[PDB]
Amino acid sequence: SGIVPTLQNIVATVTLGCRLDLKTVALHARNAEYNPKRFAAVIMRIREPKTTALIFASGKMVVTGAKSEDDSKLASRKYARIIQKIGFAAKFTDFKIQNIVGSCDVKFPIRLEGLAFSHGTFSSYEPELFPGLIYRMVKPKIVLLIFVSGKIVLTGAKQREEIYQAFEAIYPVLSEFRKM
Amino acid sequence: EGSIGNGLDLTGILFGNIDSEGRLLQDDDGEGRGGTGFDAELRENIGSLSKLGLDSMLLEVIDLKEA
């Protein structure tokens, strides 16, 4: 015992409280992308912090790339500003981290087919497309990627406590079906 | 006259800052042949990880279906 999951990035959603014109938002934004073949929203991006974000015409936008709360709190303000700096009336509220990303190594390889045979009612493993394993932690609800290499990822958490728990919950499941 | 299944592919958005276009990125940069970050086993898988469970976290970061 002694690994602890390390935070790698975080994702939060923000709302301007006002609708915007994706066509003009991407045309007025110095760093934005609008692909009508993927969806109906724009994609902003800044190098300080180096993160990315996608705003919707409904004002609701999602920002990702931060590694903590203060990291995302600043990235969002910058995006919401690009809109007000463009002339729109975007605001800065409804900010909340709904997904935290973490990762760590158990120091040993794990049997991908062993975990899928013990938790087939929750774990997933497709040797025809994904050589890694995907465990959908029941509580909290999070997805953990485990590769024979020993790399464990944890995304979908809603609070640092979630990522630290998801690992403390599957930590044993892996040690029980380790490979070495 | 429409499409089936509204929403964008954010399987990577929750995996580590990505461009809704499906481009996953990393707040930090790495110029080595192997360091912090996932190799090329997840990036190419994320584009297709929306068929085992990420589907939920897929539409959970881009509710672009109300305009």
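In its metadata, the entry names solution NMR as the structure determination method.

1. Thoughts on the overall build of chain A
Check the secondary structure of chain A and you find four helices and ten strands. Its helices and strands taken in sequence order, chain A reads β-α-β-β-β-β-α-β-α-β-β-β-β-α from the N to the C terminus. Dimensions along the principal axes, computed over C-alpha positions, put chain A at roughly 60 × 35 × 25 Å. Classification of the 180 residues of chain A by burial places 48% in the buried group. Sequence-distant contacts in chain A: of pairs separated by 6 or more residues, those separated by 24 or more amount to 58%. Accessible area of chain A: about 9400 Å², with a carbon and sulfur share of 49%. Taking the 27 positively charged and 15 negatively charged side chains of chain A as two groups, their mean positions are separated by 7 Å.

2. Quick notes on the overall build of chain B
Regarding its fold elements, chain B presents three helices and two strands. If you list the helices and strands of chain B from N to C, you get α-β-β-α-α. Expressed as lengths along the three principal axes of its C-alpha atoms, the size of chain B is roughly 50 × 25 × 20 Å. Expressed as a percentage of its 67 residues, the buried residues of chain B come to 40%. Once local pairs closer than 6 in sequence are excluded, the contacts in chain B between residues at least 24 apart make up 51%. On chain B, roughly 4000 Å² of surface is accessible, and the fraction owed to carbon and sulfur atoms is 42%. In chain B, 5 side chains carry a positive charge and 15 a negative one; their mean positions are 6 Å apart.

3. Focus on the interface of chain A and chain B
Facing 37 residues of chain A, the contacting portion of chain B comprises 31 residues. The junction of chain A with chain B conceals about 3000 Å² of combined surface from both sides, 64% of it contributed by carbon and sulfur atoms. Along the contact surface separating chain A from chain B lie one salt bridge. When the shortest N-O distance is used, the salt bridge between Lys141(A) and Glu60(B) registers 2.8 Å. The interface formed by chain A and chain B includes nine residue pairs in polar contact. Tallying contributions element by element places strand β4 (residues 50–56) of chain A first for the side of chain A that touches chain B, with five residues. Split by residue class, the side of chain A that touches chain B holds 18 nonpolar, eleven polar and eight charged.

4. Things to note about the domain arrangement of chain A
Residues and elements named next belong to chain A. Split into domains, chain A comes out as domain 1 (1–11 + 98–180) and domain 2 (12–97). Just the C-alpha atoms count here: the centres of domain 1 and domain 2 sit 31 Å apart. Interface area, domain 1 with domain 2, both sides summed: about 810 Å², of which 55% is carbon and sulfur. Summed over the three residues of domain 1 that lose the most area to domain 2, namely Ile10, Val11 and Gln98, the buried surface amounts to 62% of that side. For the pair domain 1 and domain 2, the interface holds five residue pairs in polar contact. Put simply, the parts of the chain that give the side of domain 1 that touches domain 2 at least two residues each are β1 (6–15) and β6 (93–105). For the side of domain 1 that touches domain 2, the element with the highest residue contribution is β1, accounting for five residues. Its residues assigned to classes, the side of domain 1 that touches domain 2 shows four nonpolar, four polar and two charged.

5. Quick look at a positive patch on the surface
Together, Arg45(A), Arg47(A), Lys50(A), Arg23(B) and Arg43(B) make up a positively charged patch on the protein surface. On the secondary structure map, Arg23(B) appears in strand β2 (residues 23–24).

6. Concerning the pairing of strand β10 (residues 151–157) of chain A
All names here are of chain A. With six of its seven residues buried, β10 lies for the most part within the structure. The pairing of strand β9 (residues 142–146) with β10 spans four bridges and is antiparallel. Bridge pairing in β10 places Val143 opposite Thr155. What sits between β9 and β10 in their antiparallel hairpin is a turn of four residues, with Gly150 showing a positive phi close to 110°.

What counts, and at which threshold
- Residues numbered from 1 in each chain as written, not as in the entry; some residues may be left out.
- Chains lettered and ligands numbered in written order.
- Heavy atoms only, no water.
- Helix = DSSP H or I, 4+ residues; strand = E, 2+ residues; numbered from the N terminus.
- Buried < 20%, exposed > 50% of the residue type's maximum accessible area, 1.4 Å probe, protein only.
- Contact = heavy atoms within 4.5 Å.
- Areas by Shrake-Rupley, 256 points an atom, 1.4 Å probe, with all protein chains shown as cover.
- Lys, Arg positive; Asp, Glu negative; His and termini not counted.
- Charge placed at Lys NZ, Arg CZ, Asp CG, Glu CD.
- Buried area = accessible area lost by both parts, 1.4 Å probe.
- Salt bridge = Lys/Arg side-chain N within 4 Å of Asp/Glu carboxyl O.
- Polar contact = N/O pair within 3.5 Å; in protein donor to acceptor, adjacent residues only side chain to side chain.
- Nonpolar A, V, L, I, M, F, W, Y, C, P; charged D, E, K, R; others polar.
- Domains from an automatic or database assignment.
- Patch = residues over 30% accessible without salt bridge, like charges linked within 9 Å, V, L, I, M, F, W, Y side chains within 5 Å.
- Pairing = 2+ DSSP bridges.

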